[PDB]
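Presented below is the structure to which this report refers.
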Amino acid sequence: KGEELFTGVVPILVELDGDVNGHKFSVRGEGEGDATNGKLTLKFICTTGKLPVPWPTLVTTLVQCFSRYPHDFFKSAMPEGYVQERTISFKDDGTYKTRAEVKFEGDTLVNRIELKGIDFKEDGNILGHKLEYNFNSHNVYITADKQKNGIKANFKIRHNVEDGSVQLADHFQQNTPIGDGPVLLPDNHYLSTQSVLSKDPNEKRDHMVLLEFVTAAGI
Ligand SMILES: [Cl-]
Ligand SMILES: [Cl-]
Ligand SMILES: [Cl-]
Ligand code: NA
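Just so you know, the sequence shown maps onto residues 3 to 64, 68 to 75, 81 to 229 in the authors' numbering.
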């Protein structure tokens with residue numbers, strides 16, 4: 003039933019409230035997703051001024070229901091949706107804790123996020139804005155989390171640093187349905203995401219334009 007909500011192009015709205023080392027900020031994003039081709043197109047702005055962290059560190063936080074149709083937990087949870095929570099551990103640096111609700115509100119798929127970052131170095135790669143404006147593709151293994159009627163995933167993200175090094179970000183993820191309704195649990199499978207970051211030449215606010223392709227593969 004939920005998968006039928008994704009037969010065409012679906013409008014997306016994203017809202018994030020963040021606090022990293024006491025630096026508070028908010029983000030709004032808008033665009034669309036197409037599960038037929040696994041394509042996401044979104045623009046995000048910081049609505050509070052300068053973004054105090056690099057845009058690439060927010061990519062994974064800022068809708069896996071759009072993975073290209075190859081049983082899908084993320085789609086079957088809709089329209090009631092799912093909670094997505096992560097801890098992201100930046101090597102030699104701080105950690106993010108995120109909680110989000112992803113659900114339909116009318117025709118729009120809405121991702122509403124709270125993010126708290128702690129224990130960051132003010133001069134490190136994150137708060138010091140030392141990361142390149144790109145995002146390395148990753149193949150993520152999605153597994154059933156039977157004890158919570160949802161899924162889990164653990165994976166590394168490597169952010170390119172402006173000195174040629176990499177900043178590792180260990181991701182720990184758990185998703186659980188919001189509704190009491192039935193949901194499909196997937197076979198363990200991989201999602202390949204490949205991302206292109208760009209700028210809107212007419213946007214004066216701190217912002218990110220994002221194009222992503224998400225494809226699924228079995229075992
Ligand atoms: Cl604004
Ligand atoms: Cl800043
Ligand atoms: Cl950035
Ligand atoms: Na700032």
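Note that the Cβ used here is the ideal one computed from N, Cα and C, for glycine as well.
Straight-line Cα distance separating residue j from residue i
| i | j | result |
| --- | --- | --- |
| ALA154 | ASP216 | 37 Å |
| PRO58 | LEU44 | 14 Å |
| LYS131 | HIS25 | 13 Å |
Residue i (DSSP reduced to helix, strand or coil)
| i | result |
| --- | --- |
| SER86 | helix |
| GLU213 | coil |
| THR59 | helix |
| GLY31 | strand |
| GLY40 | coil |
| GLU6 | helix |
C-beta contact flag for residue i and residue j at 8 Å
| i | j | result |
| --- | --- | --- |
| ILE123 | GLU34 | no |
| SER208 | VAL219 | yes |
| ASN185 | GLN94 | yes |
Residues bridged to residue i [DSSP beta-bridge criterion]
| i | result |
| --- | --- |
| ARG122 | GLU17, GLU111 |
| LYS26 | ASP21 |
Burial state of residue i (16 or more Cβ within 10 Å)
| i | result |
| --- | --- |
| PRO187 | buried |
| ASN121 | buried |
| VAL112 | buried |
| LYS85 | buried |
| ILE128 | exposed |
| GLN157 | exposed |
| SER175 | exposed |
| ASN149 | exposed |
| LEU201 | buried |
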